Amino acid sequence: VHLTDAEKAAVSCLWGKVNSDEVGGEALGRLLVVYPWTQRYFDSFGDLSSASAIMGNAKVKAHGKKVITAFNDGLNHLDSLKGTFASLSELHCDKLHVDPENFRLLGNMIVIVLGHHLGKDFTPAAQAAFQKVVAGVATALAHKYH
């Protein structure tokens, strides 16, 4: 899953441009907008009605940074990655009850948002360079599901 710096650094470089925050609350709101059955386990969360509701929800915005801090914690530990999301995995299974497929579905929101922020700076060679890493996070939070 690792890479020649050629693309493995583009990420480390490209994430440097972007706020690791306005992206999270951006990708999570979207997760809830495009897949609206996702608002289950969000009932301690309040008004999610309209995409404008969801977008302007300071819980979603609040949870944005957390999900990102973790995402960062991967970003540093790109090899470790299964034994570091160890704690959230049992938590995303045996107490939030998430279905393992939505990690990939969030990931995709992170990528769609990452080139929403970056337009052209972002390209297939760099786009997919992140994918490997998103798709590696989904497979790291879903190991304890069994």
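The numbering used is simple: start at 1 and walk along the sequence shown.
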Comparing 19-27 with 5-13, which has the greater mean CA B-factor as deposited?
5-13
Read off the CA B-factors in the entry, average them over 33-41 and over 77-85, and name the higher stretch.
77-85
By the record's CA B-factor, is residue 108 among the lowest, middle or highest third of residues in the chain?
lowest
Comparing against every modelled residue in the chain, figure out the third that the C-alpha B-factor of residue 54 lands in (lowest, middle or highest).
lowest
Can you tell me whether residue 98 has a C-alpha B-factor in the lowest, middle or highest third compared with the other modelled residues of the same chain?
middle
Going by the entry, which third of its chain does the Cα temperature factor of residue 68 land in?
highest
